[PDB]
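As structure tokens, the structure follows; a few thoughts come after it.
2 protein chains.
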Amino acid sequence: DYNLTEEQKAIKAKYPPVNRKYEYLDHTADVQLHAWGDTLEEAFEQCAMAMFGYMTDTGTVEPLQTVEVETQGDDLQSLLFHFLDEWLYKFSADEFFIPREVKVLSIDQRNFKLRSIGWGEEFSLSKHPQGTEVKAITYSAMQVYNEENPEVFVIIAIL
Amino acid sequence: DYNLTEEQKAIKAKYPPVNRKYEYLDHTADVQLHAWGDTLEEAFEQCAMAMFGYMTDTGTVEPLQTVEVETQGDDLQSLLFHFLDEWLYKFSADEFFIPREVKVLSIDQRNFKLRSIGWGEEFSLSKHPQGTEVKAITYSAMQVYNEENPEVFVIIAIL
């Protein structure tokens, strides 16, 4: 598993090698995004930007293309999940798109519908810094504080 | 956070900075141990060795001191728990002891009491490869099969 000095190496040869009957399985990992704004709409776009920030320095993304994402939900929590899930999909399939910025144009609170756009380009390792892969969005500990100064809390799965 | 190409730093400064309203919190992760042996006594000691195995190359550790761990629990599931939890404390406190190798000498299956011992030295990053820190032992998905061929799985919380 490890990378060791020739000194560390020498020690290994100096002792009887220690028989091993184990294995490591299902390594998992996550982080919690907290994002906030003047309006609820901003609090979603910021949270989408937060996620993408963990994948790269989004400040090094040119705003060449423009993508919409429109989605529906049962409640706000439901909404914010599919919102982040569709964006994540754009990165991970088809054009492998990375927005520099995401902007939620509209959110409907009676019927839990949302319109948004992001301007960026396709992701490249050559052009863009590397950061953590995002595995998936999970509902655990999700919170949508719809009030004066909205806030949003979301846990995702990372490599 | 990010450290950038001279290109990247240029592209970054060519456009208006995006404004961020977010932060990253509570990074967390876990891995699952699977250890087995001819006897339950062995499954247990192989489990410890896996745990220390994640923290560094346990082969680079020299057998220069000897230490004892005794604990017991209510059931086998908790006997396992305290056993790894004790061993962990040994390492994460006081003399920061890491065992090369660990022997479970006895298990009392009527009364759930264990005697073990291990040989190693104080931990030191001068001497020892850095693996991952072990935050906790969790009862998550913990299974202990006392069968024809004993095996156990335990989920620990890493760094």
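So the sequence lines, in the order shown, correspond to chains A and B. Heads up: the first sequence begins at 22 in the deposited numbering, then just goes up one per residue. Heads up: the second sequence begins at 22 in the deposited numbering, then just goes up one per residue. Ideal Cβ placement from N, Cα and C applies to all residues, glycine included.
Taking the C-alpha atoms as reference points, what is the distance between residue i and residue j?
i, j, result
"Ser127/A", "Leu25/B", "34 Å"
"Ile32/A", "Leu46/B", "40 Å"
"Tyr110/B", "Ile158/B", "11 Å"
"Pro38/A", "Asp22/B", "41 Å"
"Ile177/A", "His48/B", "10 Å"
"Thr60/A", "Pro120/A", "21 Å"
"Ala71/B", "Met76/A", "31 Å"
"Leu180/A", "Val52/A", "10 Å"
"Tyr166/B", "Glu172/B", "5 Å"
"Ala56/B", "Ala50/A", "22 Å"
"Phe174/A", "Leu54/A", "6 Å"
"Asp115/B", "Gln29/A", "24 Å"
"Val155/A", "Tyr160/B", "27 Å"
"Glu66/B", "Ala34/A", "23 Å"
"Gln151/B", "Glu27/A", "15 Å"
Does chain A have any CB closer than 8 Å to the CB of residue i?
i, result
"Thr79/B", "yes"
"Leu85/B", "no"
"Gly74/B", "yes"
Which residues mark the beginning and the end of the beta strand (DSSP E) in which residue i is found?
i, result
"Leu135/A", "134-143"
"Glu172/A", "172-179"
"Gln86/A", "86-93"
"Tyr166/A", "155-166"
"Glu44/B", "43-57"
Would you kindly report the start and end of the unbroken alpha helix (DSSP H) that includes residue i?
i, result
"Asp106/B", "97-113"
"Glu27/A", "27-34"
"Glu63/B", "61-76"
Distance cutoff 8 Å, beta carbons only. Does residue i sit that close to anything in chain B?
i, result
"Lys42/A", "yes"
"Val155/A", "no"
"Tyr36/A", "yes"
"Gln98/A", "no"
Let me make sure I understand the geometry here. Which of the options has the alpha-carbon closest to that of residue i?
i, options, result
"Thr92/A", "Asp106/A, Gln151/A, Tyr36/A", "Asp106/A"
"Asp95/A", "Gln130/A, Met70/A, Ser113/A", "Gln130/A"
"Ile138/A", "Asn132/A, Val125/A, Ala162/A, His55/A", "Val125/A"
"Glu122/A", "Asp59/A, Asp22/A, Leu85/A, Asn170/A", "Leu85/A"
"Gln164/A", "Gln98/A, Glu44/A, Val155/A", "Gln98/A"
"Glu63/B", "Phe118/B, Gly152/B, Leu101/B, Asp51/B", "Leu101/B"
"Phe117/A", "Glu142/A, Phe133/A, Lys134/A, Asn40/A", "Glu142/A"
"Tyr36/B", "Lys30/A, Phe133/A, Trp140/A, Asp51/A", "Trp140/A"
"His149/A", "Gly74/A, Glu28/A, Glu66/A, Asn132/A", "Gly74/A"
"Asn40/A", "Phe104/B, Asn170/B, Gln151/B, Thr79/B", "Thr79/B"
"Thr87/A", "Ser147/A, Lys42/A, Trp108/A, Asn170/A", "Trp108/A"
"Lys42/B", "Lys42/A, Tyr43/A, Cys68/A", "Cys68/A"
"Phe133/A", "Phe104/A, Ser113/A, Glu168/A, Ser147/A", "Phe104/A"
Return no unless some Cβ of chain E is closer than 8 Å to the Cβ of residue i.
i, result
"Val39/B", "You won't find chain E in this structure, because its protein chains are A and B."
* With 7 Å as the C-beta to C-beta threshold (strictly closer), list the residues of the stretch 103-131 of chain B near chain A in chain order. => Per Cβ criterion, the list reads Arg121, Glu122.
* If contact means a Cβ-Cβ distance below 8 Å, which residues of the stretch 48-61 of chain A contact chain B? -> Within the stretch 48-61 of chain A, the qualifying residues are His48, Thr49, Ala50, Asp51, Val52, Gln53, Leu54, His55, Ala56, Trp57, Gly58.
* Taking only beta carbons into account, state which residues of the stretch 157-176 of chain A come closer than 7 Å to chain B, listed in chain order. => Residues passing the 7 Å Cβ filter: none.
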